[PDB]
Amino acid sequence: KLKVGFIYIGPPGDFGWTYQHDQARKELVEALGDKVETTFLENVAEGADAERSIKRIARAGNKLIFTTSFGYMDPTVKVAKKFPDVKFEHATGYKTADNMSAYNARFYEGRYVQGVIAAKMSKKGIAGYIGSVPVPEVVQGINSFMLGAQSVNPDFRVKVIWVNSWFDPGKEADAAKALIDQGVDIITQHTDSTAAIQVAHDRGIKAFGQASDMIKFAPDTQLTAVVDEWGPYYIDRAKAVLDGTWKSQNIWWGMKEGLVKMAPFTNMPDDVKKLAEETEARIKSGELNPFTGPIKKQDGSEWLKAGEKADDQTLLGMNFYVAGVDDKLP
């Protein structure tokens, strides 16, 4: 059997980011169980822990290894050099090697839809945003969310609190409570766990799930969620290893390609659901790209001209906010 390994930055118990990775591992086992065997390690920190943990999985005989967090980028590039018969698949990074692929999702496409919904739902026009770490993926998401909201309410605001890691349920909960205490009427996040959405549900504040459909933790208050569909990708790459056709590739895919999808649209009026559907549909067809001008930056300078679509290279290094965001970027 092909031994396939997984490194997670959190626990499957997060019921968000790591959980979606592990549910996709389970999809792999269900589709190719007779020919594949999976192993994982969880709560693996960036840096030395990641290097040792990736090396250990390779030394145990795993011939395809998925490193499922951005901070594993450099550790995966380093370790891959020492294991030429192993194939490595790094999540959300932009670095590849002869035996290392990079798989990224346009999560910001889902953020745009959520922003549209948020601007229709929030009576105050204010959302609480729980940031993880200020890497370009997160800045993209904040910016896209705001642009979506601003296509309904030009005056929409977000209040951002940084947790400073991907998974930290204590700080995620604290951030949600602080944002709700400060008067926001929508909660959203780029951290990994269900901590904030349960706080929001406990306070009757409507929210978006992250990575996974988190409806079970907020049945009457989740509006939708940006859902990461890793399973078909994991199956395809395992098949490619099994049949000997696996080759290094760098990909960045979104709704059109099926890597990102919205959860069902719940707890909102029918016209808001119709508009969410229409928005997702326009992104999925290629008609709507959230980062299409006119768009100005936080400091007032123009970014994109009327009708001008962003280059992906700009997004991948994104380190500025669009006009309307109040946060100072770390």
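Numbering starts at 1 and follows the sequence shown.
J.: Comparing 299-307 with 275-283, where is the mean C-alpha B-factor higher?
T.: So the stretch with the higher mean C-alpha B-factor is 299-307.
J.: Tell me which stretch has the larger mean Cα B-factor in this entry, 29-37 or 66-74.
T.: Comparing 29-37 with 66-74, the higher mean C-alpha B-factor belongs to 29-37.
J.: Based on the PDB record, which member of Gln198, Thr92, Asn153, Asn250 exhibits the highest Cα temperature factor?
T.: Each of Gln198, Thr92, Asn153, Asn250 was compared by C-alpha B-factor; the highest is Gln198.
J.: Among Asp220, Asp192, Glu109, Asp228, which residue carries the highest C-alpha B-factor recorded in the PDB entry?
T.: When the deposited C-alpha B-factors of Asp220, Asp192, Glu109, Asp228 are compared, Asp220 is largest.
J.: Should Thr18 be placed in the lowest, middle or highest third of its chain by the C-alpha B factor in the entry?
T.: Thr18: CA B-factor falls in the lowest third of its chain.
J.: For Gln182, return the chain-relative third of its C-alpha B-factor as stated in the PDB record: lowest, middle or highest.
T.: For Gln182, the deposited C-alpha B-factor lands in the highest third.
J.: Taking the values exactly as deposited, rank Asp168 by C-alpha B-factor within its chain and report the matching third: lowest, middle or highest.
T.: CA B-factor rank for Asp168: highest third.
J.: Could you say whether, by C-alpha temperature factor, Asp174 belongs to the lowest, middle or highest third of its chain?
T.: For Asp174, whose C-alpha B-factor we compare with every modelled residue in the chain, the answer is the highest third.
J.: Compare the C-alpha B factor of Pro84 with those of the other modelled residues in its chain, then answer lowest, middle or highest third.
T.: Tercile = middle for this residue's CA B-factor.
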